[PDB]
Amino acid sequence: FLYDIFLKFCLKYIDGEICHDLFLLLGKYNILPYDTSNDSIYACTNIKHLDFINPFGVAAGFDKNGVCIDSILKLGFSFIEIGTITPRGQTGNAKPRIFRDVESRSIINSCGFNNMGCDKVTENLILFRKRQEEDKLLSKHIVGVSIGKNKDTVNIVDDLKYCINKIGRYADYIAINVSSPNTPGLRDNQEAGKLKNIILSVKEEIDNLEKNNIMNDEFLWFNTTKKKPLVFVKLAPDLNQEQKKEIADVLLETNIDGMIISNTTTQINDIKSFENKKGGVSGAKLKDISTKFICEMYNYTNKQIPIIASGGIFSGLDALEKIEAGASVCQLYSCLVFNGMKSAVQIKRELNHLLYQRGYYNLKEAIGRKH
Ligand SMILES: Cc1cc2nc3c(=O)[nH]c(=O)nc-3n(C[C@H](O)[C@H](O)[C@H](O)COP(=O)(O)O)c2cc1C
Ligand SMILES: Cn1nc2c(=O)n(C3CC3)nc(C3CC3)c2c1Cc1ccc(C(F)(F)F)c(F)c1
Ligand SMILES: O=c1cc(C(O)O)[nH]c(=O)[nH]1
């Protein structure tokens, strides 16, 4: 609650990244709040054998380097997507690179995959997994890893392969980021043919980790599921019916475990304070766009591919809209920026309360209910 006093200050006066680094730093030293209450079993959700204690996680780009996993999750989230990571560390584009307009509760960013690199982040998650093994409050929480290419890498597959070999065995799922606007030509790989080759290589590389073991599978996968990481793809709102039916076909043929919808958009033009700035736009103004993209991709894939919702989710209603559109689970980013800690507690009660008034035995009853 006290942090919500701090927030309205950090938003008025302080740069975003400085506020970001402070929040990560508070969590590094375990001085963030904890939600220790039972989540409604009536709101759990799943994607194949991934069982989510609740339908809300933290989107990629929040804990890029996995230095703050414990404390953020202990805040009341069921899972977190770290990354996007690249094989070697990158500083990203030139600072300043994140801007926020409170009036529209929106953000624009051109970070450019700044991270300390796979090797160092993997060591951070190894440490986390050892703490998770000992703490019940973290015992059922899922950690996925978002992976992308270095800015100057020519072949994306080569970057994706390296990450899997090094970190694949500690992740519960892998998110393929082909949708960042701030990496040049990165959304050209969303093309159907290259995407197929990428996908099938990701799934194949994961499959090879199993085969060359002398140990059991309990000991191979040092993660919550103690299982092979799933393979998800983060699609961009910057697609088109054609290219959305191109990709949908690839997804159907390659048996992708799920698709994350969506990344930021480069199509919001009515924000006065962000005019002439570069980067992708996040937040509420992306909500309706993202929801429409869920409907299309949920429809184009005949409901066979689970959808992970992302984009402008702030309230319980917003989440239910994503869920009723076809999403199984939701990810938050901007909501945490503008609402802070309460975000998880608040959105979970709103969703539970709304499920009660609108008549649902459980959450799965609501998935895709607009269709
Ligand atoms: C500052 C910032 C950094 C982000 N970094 C990443 C990233 O590294 N990898 C990724 O896949 N998505 C990244 N995203 C996209 C978000 O995860 C999410 O898809 C999008 O911002 C929608 O979130 P919203 O709920 O705030 O609207 C980033 C977004 C922002 C605002
Ligand atoms: C106000 N605020 N601005 C943010 C921002 O710009 N980003 C990035 C552009 C992506 N991320 C976050 C969130 C993870 C921090 C921002 C927050 C929440 C916030 C809460 C509390 C404090 C503290 F004072 F308790 F430490 C703080 F410093 C910041
Ligand atoms: O997927 C992504 C990545 C970035 C970034 O790291 O710059 N930014 C976004 O808006 N989306």
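We number chain A the same way Swiss-Prot does; the residues here are 166-383, 414-566, in that order.
If you're wondering, the header gives X-ray crystallography, 3.2 Å.
Heads up, the Cβ atoms here are built off N, Cα and C, so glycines get one too.
For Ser345, the entry in Swiss-Prot reads active site, nucleophile, with the evidence type similarity to another entry. Summarising the environment of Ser345 (active site, nucleophile), the number of other Cβ atoms within 10 Å of its Cβ, over all protein chains shown, is 25.
According to Swiss-Prot, the FMN binding site annotation covers 225-229, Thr249, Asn342, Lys429, 477-478, 505-507, 528-529, on the basis of experimental evidence. For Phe227 (FMN binding site), the number of other Cβ atoms no farther than 10 Å from its own Cβ, over all displayed protein chains, is 21.
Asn458 (substrate binding site) falls within neither a helix nor a strand when secondary structure is assigned with DSSP, and so counts as coil. Here the Cβ of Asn458 (substrate binding site) has 29 other Cβ atoms within 10 Å, regardless of which shown protein chain they belong to. Per Swiss-Prot, the feature substrate binding site maps to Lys229, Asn274, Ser275, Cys276, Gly277, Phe278, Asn342, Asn347, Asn458, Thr459.
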CB contacts under 8 angstroms to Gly277 (substrate binding site), restricted to the same chain and 6+ apart in sequence, sorted by sequence, are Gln255, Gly257, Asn258, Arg262, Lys316, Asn347, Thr348
Residues near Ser529 (FMN binding site) by Cβ (under 8 Å) yet at least 6 apart in sequence within the same chain, in sequence order, are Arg270, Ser271, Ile272, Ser477, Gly478, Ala479, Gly507, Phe509
If you count the other CB atoms within 10 A of the CB of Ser275 (substrate binding site), including all protein chains displayed, you should get 21
Note: in the chain of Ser505 (FMN binding site), residues six or more apart in sequence with C-beta under 8 angstroms of its C-beta are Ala224, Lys429, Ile455, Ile456, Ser457, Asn458, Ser485, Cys525, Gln526, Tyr528
Going by C-beta under 8 A and a gap of 6 or more residues, the same-chain neighbours of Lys229 (FMN binding site) are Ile247, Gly248, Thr249, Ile250, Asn279, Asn280, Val286
Given the substrate site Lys229, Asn274, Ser275, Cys276, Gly277, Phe278, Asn342, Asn347, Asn458, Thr459, its other Cβ neighbours within 8 Å of the Cβ centroid, in chain order, are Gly226, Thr249, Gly257, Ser345, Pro346, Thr348, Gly474, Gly475
Argmin Cα dist to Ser275 (substrate binding site) over the recorded positions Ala225, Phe227, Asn342, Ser345 returns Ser345
